[PDB]
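Visitor: Structure file target_3.txt, compact mmCIF, C-alpha atoms and all ligand atoms, is pasted below:
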# COMPACT_ATOMS: atom_id res chain seq x y z
CA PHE A 1 4.04 -19.10 2.41
CA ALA A 2 3.55 -19.68 6.15
CA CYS A 3 3.52 -17.64 9.35
CA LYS A 4 4.29 -17.98 13.04
CA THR A 5 3.80 -16.01 16.23
CA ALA A 6 6.27 -14.90 18.82
CA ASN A 7 5.12 -17.71 21.14
CA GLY A 8 5.81 -20.36 18.48
CA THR A 9 2.33 -20.99 17.07
CA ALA A 10 2.45 -21.70 13.33
CA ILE A 11 -0.15 -21.21 10.62
CA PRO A 12 0.86 -23.42 7.71
CA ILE A 13 0.64 -23.26 3.96
CA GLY A 14 -2.97 -22.81 2.91
CA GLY A 15 -3.84 -20.70 5.93
CA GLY A 16 -5.67 -21.27 9.19
CA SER A 17 -6.01 -19.54 12.54
CA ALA A 18 -3.92 -18.74 15.59
CA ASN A 19 -4.41 -17.01 18.93
CA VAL A 20 -2.08 -14.08 19.63
CA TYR A 21 -1.83 -12.72 23.19
CA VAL A 22 -0.67 -9.08 23.14
CA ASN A 23 1.14 -7.20 25.87
CA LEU A 24 -0.77 -3.95 26.52
CA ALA A 25 0.20 -0.81 28.40
CA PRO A 26 -1.64 -1.34 31.69
CA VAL A 27 -2.60 2.34 32.02
CA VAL A 28 -3.69 4.53 29.11
CA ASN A 29 -4.78 8.08 29.90
CA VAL A 30 -7.54 10.08 28.29
CA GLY A 31 -6.12 11.52 25.11
CA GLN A 32 -3.33 8.94 24.76
CA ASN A 33 -2.98 6.14 22.21
CA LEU A 34 -2.84 2.49 23.22
CA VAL A 35 -0.48 0.88 20.70
CA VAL A 36 -1.04 -2.77 19.77
CA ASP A 37 1.95 -3.65 17.60
CA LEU A 38 1.54 -6.99 15.82
CA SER A 39 4.76 -6.59 13.80
CA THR A 40 6.70 -7.87 16.79
CA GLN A 41 4.26 -10.79 17.25
CA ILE A 42 3.45 -12.11 13.77
CA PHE A 43 6.03 -13.13 11.15
CA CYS A 44 5.76 -14.73 7.70
CA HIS A 45 7.99 -15.99 4.90
CA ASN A 46 7.99 -17.12 1.27
CA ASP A 47 8.65 -20.88 0.77
CA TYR A 48 9.94 -20.60 -2.86
CA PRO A 49 11.39 -17.10 -3.32
CA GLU A 50 13.72 -17.96 -6.21
CA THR A 51 10.64 -18.55 -8.40
CA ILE A 52 7.54 -17.11 -6.68
CA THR A 53 6.55 -13.65 -5.38
CA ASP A 54 3.99 -13.67 -2.56
CA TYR A 55 1.47 -10.85 -2.05
CA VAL A 56 0.00 -10.08 1.39
CA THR A 57 -2.79 -7.79 2.49
CA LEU A 58 -4.67 -6.90 5.59
CA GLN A 59 -7.99 -8.06 4.24
CA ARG A 60 -10.14 -7.19 7.25
CA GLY A 61 -9.83 -5.96 10.82
CA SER A 62 -12.62 -6.25 13.39
CA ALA A 63 -12.82 -5.04 17.03
CA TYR A 64 -14.20 -6.91 20.00
CA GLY A 65 -14.48 -6.74 23.77
CA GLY A 66 -13.16 -3.66 25.51
CA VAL A 67 -11.61 -2.31 22.36
CA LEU A 68 -14.95 -2.28 20.55
CA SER A 69 -16.75 -0.92 23.66
CA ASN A 70 -14.30 1.69 24.98
CA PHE A 71 -11.75 2.71 22.31
CA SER A 72 -11.72 4.21 18.83
CA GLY A 73 -8.81 4.25 16.47
CA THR A 74 -6.99 3.30 13.34
CA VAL A 75 -4.81 0.54 11.91
CA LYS A 76 -1.39 1.17 10.34
CA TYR A 77 -0.36 -1.29 7.62
CA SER A 78 3.08 -1.02 6.03
CA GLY A 79 3.40 2.71 6.73
CA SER A 80 -0.15 3.82 5.90
CA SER A 81 -3.16 4.38 8.18
CA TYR A 82 -6.73 3.13 7.62
CA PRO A 83 -9.98 3.10 9.60
CA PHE A 84 -10.30 0.44 12.30
CA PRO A 85 -12.57 -1.57 12.20
CA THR A 86 -11.65 -1.75 8.52
CA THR A 87 -13.89 -0.79 5.61
CA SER A 88 -11.69 -2.03 2.72
CA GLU A 89 -8.83 -4.38 1.91
CA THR A 90 -5.37 -2.78 1.95
CA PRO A 91 -2.77 -2.67 -0.81
CA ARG A 92 -0.52 -5.72 -1.04
CA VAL A 93 2.95 -6.16 0.46
CA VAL A 94 5.54 -8.36 -1.30
CA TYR A 95 7.14 -11.30 0.54
CA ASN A 96 10.25 -12.45 -1.32
CA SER A 97 12.43 -14.28 1.24
CA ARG A 98 12.51 -17.57 3.15
CA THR A 99 13.74 -15.46 6.09
CA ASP A 100 10.83 -14.51 8.34
CA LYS A 101 9.84 -10.86 8.34
CA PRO A 102 7.16 -9.02 10.33
CA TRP A 103 3.58 -8.63 9.25
CA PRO A 104 3.60 -4.85 9.49
CA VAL A 105 0.29 -4.25 11.32
CA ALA A 106 -0.37 -2.07 14.36
CA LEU A 107 -3.46 -0.71 16.09
CA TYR A 108 -3.59 2.81 17.51
CA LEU A 109 -6.50 3.06 19.96
CA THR A 110 -7.79 6.11 21.86
CA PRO A 111 -10.13 5.93 24.83
CA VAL A 112 -13.69 7.18 24.14
CA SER A 113 -15.36 7.10 27.57
CA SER A 114 -14.10 6.06 31.01
CA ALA A 115 -15.02 6.32 34.70
CA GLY A 116 -11.76 4.70 35.88
CA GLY A 117 -12.79 1.06 35.40
CA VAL A 118 -11.29 -1.85 33.51
CA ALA A 119 -11.21 -0.81 29.86
CA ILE A 120 -9.77 -4.09 28.48
CA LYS A 121 -10.00 -7.42 30.36
CA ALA A 122 -7.10 -9.91 30.37
CA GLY A 123 -7.85 -12.99 28.31
CA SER A 124 -10.64 -11.37 26.26
CA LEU A 125 -10.85 -11.29 22.45
CA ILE A 126 -10.11 -7.71 21.31
CA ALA A 127 -9.53 -8.06 17.56
CA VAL A 128 -9.62 -10.42 14.59
CA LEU A 129 -7.13 -9.59 11.86
CA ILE A 130 -7.23 -11.36 8.52
CA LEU A 131 -4.13 -11.72 6.43
CA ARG A 132 -4.84 -12.61 2.76
CA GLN A 133 -2.08 -14.23 0.73
CA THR A 134 -1.79 -14.67 -3.02
CA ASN A 135 1.16 -14.98 -5.45
CA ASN A 136 2.31 -14.52 -9.05
CA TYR A 137 2.46 -18.28 -9.82
CA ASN A 138 -0.97 -19.88 -9.42
CA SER A 139 -4.51 -19.33 -8.19
CA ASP A 140 -3.76 -19.65 -4.46
CA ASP A 141 -5.87 -17.38 -2.26
CA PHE A 142 -5.44 -18.13 1.42
CA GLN A 143 -6.56 -16.61 4.69
CA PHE A 144 -4.41 -16.44 7.79
CA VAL A 145 -6.70 -15.48 10.69
CA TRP A 146 -5.18 -13.86 13.76
CA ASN A 147 -7.39 -13.88 16.84
CA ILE A 148 -6.01 -11.18 19.12
CA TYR A 149 -6.42 -11.56 22.87
CA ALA A 150 -5.45 -9.15 25.62
CA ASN A 151 -2.64 -10.52 27.75
CA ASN A 152 -3.43 -8.18 30.67
CA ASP A 153 -5.95 -5.66 31.98
CA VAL A 154 -5.89 -2.05 30.79
CA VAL A 155 -7.30 0.80 32.89
CA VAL A 156 -8.17 4.30 31.73
CA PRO A 157 -7.96 6.49 34.87
CA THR A 158 -10.16 9.56 35.40
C1 LIG B 1 14.99 -25.84 -5.39
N1 LIG B 1 13.70 -26.63 -5.28
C2 LIG B 1 12.74 -25.92 -4.44
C3 LIG B 1 11.44 -26.68 -4.34
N2 LIG B 1 10.91 -26.98 -5.70
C4 LIG B 1 9.68 -26.62 -6.15
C5 LIG B 1 8.51 -25.99 -5.64
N3 LIG B 1 8.22 -25.49 -4.39
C6 LIG B 1 7.06 -24.86 -3.96
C7 LIG B 1 6.94 -24.64 -2.57
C8 LIG B 1 5.76 -24.05 -2.07
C9 LIG B 1 4.74 -23.69 -2.95
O1 LIG B 1 3.56 -23.13 -2.51
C10 LIG B 1 3.55 -22.51 -1.25
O2 LIG B 1 4.57 -21.54 -1.16
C11 LIG B 1 4.46 -20.47 -2.13
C12 LIG B 1 5.62 -19.53 -1.88
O3 LIG B 1 5.60 -19.00 -0.56
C13 LIG B 1 3.12 -19.77 -1.99
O4 LIG B 1 2.99 -18.78 -3.01
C14 LIG B 1 1.98 -20.77 -2.11
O5 LIG B 1 0.74 -20.09 -1.94
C15 LIG B 1 2.17 -21.87 -1.07
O6 LIG B 1 2.05 -21.36 0.26
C16 LIG B 1 4.89 -23.92 -4.29
CL1 LIG B 1 3.62 -23.48 -5.35
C17 LIG B 1 6.03 -24.50 -4.82
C18 LIG B 1 7.81 -26.10 -6.96
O7 LIG B 1 6.78 -25.81 -7.45
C19 LIG B 1 9.08 -26.76 -7.50
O8 LIG B 1 9.46 -27.19 -8.54
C20 LIG B 1 11.88 -27.71 -6.51
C21 LIG B 1 13.13 -26.86 -6.60
Rewrite the coordinates I just gave you, this time as structure tokens.
Ligand SMILES: CN1CCN(c2c(Nc3ccc(O[C@H]4O[C@H](CO)[C@@H](O)[C@H](O)[C@@H]4O)c(Cl)c3)c(=O)c2=O)CC1

Guide:
Amino acid sequence: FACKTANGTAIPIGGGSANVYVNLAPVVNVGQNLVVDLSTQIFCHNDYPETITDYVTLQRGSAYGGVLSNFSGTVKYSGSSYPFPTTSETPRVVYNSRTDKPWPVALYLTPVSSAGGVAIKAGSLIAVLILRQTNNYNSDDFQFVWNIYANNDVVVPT
């Protein structure tokens, strides 16, 4: 089991960390959701699918920077919504192919307060998302840590 990002950064067997720079809508109005879709940016696969089933959760999600300061929202994992920052580990998703498939995670973030300033700063850490991988073959229990950085500024006009 290993993963890679859209920019070509790999996290190998046994886990590790990677930086993911996410394209953000540059203007988000009061009452609108900012969508941070990681399913287009993070992909994983099973390295022995004929014999092993891999299990994958969103173990933890934490908010930082402008997201923590200025937004409130939820995380959607594999079709279900949960509080963000997270307060539990999600159910597990099966990975059963050598062909890469998305890690089905997305953030839905609503502005809390604004006076028209920069709500999210380009280059800043905005989230840490932990992917936990196990299987039905041995005792492997591995963490794939996705450090999420804003690729661009976001403004919430007023
Ligand atoms: C056709 N040939 C294929 C290769 N091959 C063999 C193995 N291959 C193999 C490859 C990767 C393995 O572990 C990693 O990938 C698993 C599947 O994603 C994850 O669950 C693990 O957590 C870990 O990330 C493991 Cl345990 C085993 C054997 O065992 C074995 O025999 C011989 C037969």

Visitor: Here is a test: counting only C-alpha atoms, which residue of A:14, A:77, A:126, A:84 is nearest to residue 139 of chain A?

Guide: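 Between A:14, A:77, A:126, A:84, the residue approaching residue 139 of chain A most closely is A:14.
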
Visitor: Hey, which of A:100, A:153, A:89, A:140 ends up closest to residue 47 of chain A? Count all atoms listed in the file.

Guide: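 Closest to residue 47 of chain A of all the choices is A:100.
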
Visitor: Set the cut-off to 9 Å, count all atoms listed in the file, and list whatever residues fall near ligand LIG 1 (chain B) as a ChimeraX atom specification.

Guide: /A:1-2,12-15,45-55,95-98,133-142

Visitor: Rank nothing, just name the residue among A:94, A:150, A:27, A:120 nearest to residue 71 of chain A, using all atoms listed in the file.

Guide: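 Checking each candidate against residue 71 of chain A, we get A:120 as the closest.
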
Visitor: For atom CA of residue 31 of chain A and atom CA of residue 119 of chain A, determine how far apart the two atoms are, in Å to one decimal place.

Guide: 14.2 Å

Visitor: Counting only C-alpha atoms, what is within 12 Å of residue 116 of chain A, bar same-chain residues fewer than 4 positions away, as a compact mmCIF listing (two decimals) with C-alpha atoms, keeping the file's coordinate frame?

Guide:
# COMPACT_ATOMS: atom_id res chain seq x y z
CA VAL A 27 -2.60 2.34 32.02
CA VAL A 28 -3.69 4.53 29.11
CA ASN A 29 -4.78 8.08 29.90
CA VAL A 30 -7.54 10.08 28.29
CA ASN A 70 -14.30 1.69 24.98
CA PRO A 111 -10.13 5.93 24.83
CA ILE A 120 -9.77 -4.09 28.48
CA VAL A 154 -5.89 -2.05 30.79
CA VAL A 155 -7.30 0.80 32.89
CA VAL A 156 -8.17 4.30 31.73
CA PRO A 157 -7.96 6.49 34.87
CA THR A 158 -10.16 9.56 35.40

Visitor: Quick check, in Å to one decimal: how far apart do atom CA of residue 106 of chain A and atom CA of residue 73 of chain A lie?

Guide: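 Computing it gives 10.8 Å between the two atoms.
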
Visitor: Between atom CA of residue 65 of chain A and atom CA of residue 147 of chain A, what distance in Å does the model show, to one decimal?

Guide: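 Atom-to-atom, atom CA of residue 65 of chain A and atom CA of residue 147 of chain A are spaced 12.2 Å apart.
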
Visitor: Go through A:44, A:115, A:107, A:125 and flag the residue nearest residue 66 of chain A, using all atoms listed in the file for the distances.

Guide: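 Once distances to residue 66 of chain A are computed over all atoms listed in the file, the minimum belongs to A:125.
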
Visitor: Write out as a list in words each polymer residue whose atoms come within 9 Å of residue 86 of chain A, counting all atoms listed in the file; drop sequence neighbours fewer than 4 positions from it.

Guide: residues 59, 60, 61, 62, 74, 75 and 82 of chain A
